[PDB]
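Reading through the structure tokens given below for one structure.
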There are 2 protein chains.
Amino acid sequence: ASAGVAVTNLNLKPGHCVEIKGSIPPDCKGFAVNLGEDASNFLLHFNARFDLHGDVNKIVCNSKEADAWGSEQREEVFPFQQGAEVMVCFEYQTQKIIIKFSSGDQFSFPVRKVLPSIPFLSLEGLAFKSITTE
Amino acid sequence: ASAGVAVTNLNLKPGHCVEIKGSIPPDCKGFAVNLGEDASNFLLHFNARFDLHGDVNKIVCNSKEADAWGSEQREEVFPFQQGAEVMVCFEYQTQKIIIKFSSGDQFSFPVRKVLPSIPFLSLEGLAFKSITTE
Ligand SMILES: OC[C@H]1O[C@@H](S[C@@H]2O[C@H](CO)[C@H](O)[C@H](O)[C@H]2O)[C@H](O)[C@@H](O)[C@H]1O
Ligand SMILES: OC[C@H]1O[C@@H](S[C@@H]2O[C@H](CO)[C@H](O)[C@H](O)[C@H]2O)[C@H](O)[C@@H](O)[C@H]1O
């Protein structure tokens with residue numbers, strides 16, 4: 001019940017973070033937060049699947065390069081429920097991106113292409129409330 | 001040189017608002033916040049001029065359609081300091097856009113074109129910190 005917001009010139013630099021605060025529709029099959037250069041190049045594609053692509057309550061991360069998906073990293077921790085409010089924070093480190101939830105849960109993804117700064121961010125299926133940088 | 005963040009798919013419908021928060025450089029001649037359809041069509045171009053084009057500490061507002069600027073509406077209230085943080089909110093109503101300053105100050109600008117929703121937002125010469133919809 002939505003189409004995601006897109007942000008350009010975010011210019012996220014190593015050692016900094018982006019915190020998204022949003023709301024999950026009560027029939028959301030899954031939602032995604034993409035950090036990259038454009039819709040064909042993602043350093044991180046964070047996908048929380050409620051029931052989608054054969055995944056039920058599972059987090060799938062991956063990168064994309066020239067429209068081609070890399071190898072997925074699945075995560076067991078799934079602190080979400082349809083209709084709730086998400087509060088995610090992404091810290092950019094040259095080696096990895098640390099994802100932290102208000103739940104107290106944390107995990108990282110490895111950086112496969114170091115960027116001097118990250119210019120693009122987009123959301124899907126997530127009704128955005130506020131986006132912040134630090 | 002120095003523009004900034006551009007948000008697309010903002011989907012601001014009447015009766016809703018967006019609050020921008022950011023940092024003003026210490027040597028800032030002026031900054032802007034744009035709302036509209038794209039880079040050539042602004043329902044509102046909000047330009048706070050510290051010292052620009054003969055306007056010193058003034059606020060100039062205008063609309064733009066197909067790169068052609070419309071009638072400027074100047075304002076004398078200027079609650080901004082260089083090298084400091086700012087926070088502005090824009091409320092969209094089908095007939096006018098209400099602009100409010102952290103200072104309690106407020107004024108409106110007429111909607112010269114009613115859009116079912118407002119798709120685009122961009123900042124120029126203002127360091128982005130956060131954007132919040134309500
Ligand atoms: O990797 C993220 C993308 O995942 C696919 S669904 C993906 O499909 C492959 C087959 O190509 C395998 O079945 C995986 O098990 C499955 O996760 C999505 O369609 C994309 O939008 C990304 O989310
Ligand atoms: O209307 C806001 C835009 O104003 C121009 S500067 C503008 O120039 C016209 C003539 O071309 C008149 O002199 C106006 O008095 C003067 O303000 C800016 O370059 C744009 O960025 C908008 O701020």
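Here the Cβ is made from the backbone with ideal geometry for all residues, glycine too, and neighbour counts use every protein chain on show. Just so it is clear, none of the values below were taken in a lab; they were calculated from the coordinates.
For the subset of region B:107-130 comprising residues that are in a loop (DSSP other than H, G, I, E, B) and farther than 18 Å from B:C61 by Cα, which member is nearest to the other protein chains (Cβ to nearest Cβ)? The selected residue is B:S117. Residues that are within 13 Å of the chain's Cα centre (by Cα), surrounded by fewer than 20 Cβ atoms within 10 Å (Cβ to Cβ) and more than 21 Å from A:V5 (Cβ to Cβ): does region A:119-129 have at least one? No, because not a single residue in region A:119-129 is within 13 Å of the chain's Cα centre (by Cα), surrounded by fewer than 20 Cβ atoms within 10 Å (Cβ to Cβ) and more than 21 Å from A:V5 (Cβ to Cβ). The listed residues are B:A32, B:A48, B:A39, and the only one of them that is under 12 Å from the mean Cα position of the chain (by Cα) and over 12 Å from B:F80 (Cα atoms) turns out to be B:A32.
When residues in region B:30-70 are screened for being more than 11 Å from ligand 2 (Cβ to nearest atom), in contact (Cβ under 8 Å) with a residue 24 or more places away in the chain and over 19 Å from B:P119 (Cβ atoms), 1 of them pass. Selection over region A:1-20 of residues that are among the β-branched types (V, I, T) and at the interface with another protein chain (Cβ under 8 Å from one of its Cβ atoms) gives a count of 3.
Of everything listed in (1) more than 13 Å from the chain's Cα centre (by Cα); (2) touching a residue at least 60 places away in the same chain (Cβ under 8 Å); (3) more than 14 Å from chain A (Cβ to nearest Cβ), the single unmet condition for B:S23 is (3).
Taking strands (runs of 3 or more DSSP E) as the structural unit, those lying wholly within region A:25-95 and holding at least 1 residues that are of a type outside the set (D, E, K, R), surrounded by 17 or more Cβ atoms within 10 Å (Cβ to Cβ) and within 12 Å of ligand 1 (Cβ to nearest atom) correspond to A:30-38, A:41-52, A:55-65. Taking the criterion of being of a type in the set (S, T, N, Q) and touching a residue at least 40 places away in the same chain (Cβ under 8 Å), the residues of region B:71-102 that qualify are B:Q81, B:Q82, B:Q93, B:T94.
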